[PDB]
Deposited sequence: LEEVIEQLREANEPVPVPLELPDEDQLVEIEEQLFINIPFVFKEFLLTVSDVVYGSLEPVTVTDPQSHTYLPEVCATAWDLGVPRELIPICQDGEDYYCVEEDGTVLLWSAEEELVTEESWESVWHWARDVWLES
């Protein structure tokens, strides 16, 4: 875990306006707004690397309501597009969405869910995000 986090943090790409990392209170606000419980490991991801910019994928964030990756807006768009309400998007990819199950499994929903999945958000970060 420490390994993957370090890899992402050190690979962070500079941008004009740096992204902000949320605190626990901010995550609670998002959960309440969506009336859902964010899986623990997913919450850990948001609290440790959601300020990171890297590769060709831009995962969800919770600190800038005007961002195209703002979780509440991404959820609304994904759920309206067909993503099961029980799945919380972690990263948009075109019209597809990498989403997280209540138990933490990451799935890929094709504009139904495909056959590929990742054991955790960290597996996804290491094997998909860091490989982009």
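Positions of the deposited sequence absent from the coordinates form one stretch: 112 to 114.
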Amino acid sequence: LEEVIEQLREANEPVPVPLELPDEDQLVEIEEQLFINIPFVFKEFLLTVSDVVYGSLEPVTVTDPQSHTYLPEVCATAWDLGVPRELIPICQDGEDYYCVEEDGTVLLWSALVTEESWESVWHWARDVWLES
From here on, numbers count along this sequence of modelled residues.
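Between 11 to 19 and 120 to 128, it is 11 to 19 that carries the larger average Cα temperature factor according to the deposited entry. The deposited model assigns a higher average Cα B-factor to 33 to 41 than to the other stretch when 97 to 105 and 33 to 41 are compared. Among the modelled residues of the chain, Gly55 sits in the middle third by CA temperature factor in this PDB entry.
When the modelled residues of the chain are ordered by C-alpha B-factor, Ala78 sits in the middle third. Split the chain's modelled residues into thirds by C-alpha temperature factor. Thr63 is in the middle one. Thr48: CA B factor lies in the lowest third for its chain, per the PDB record. In the deposited entry, the Cα temperature factor of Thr69 sits in the bottom third of values across the chain's modelled residues.
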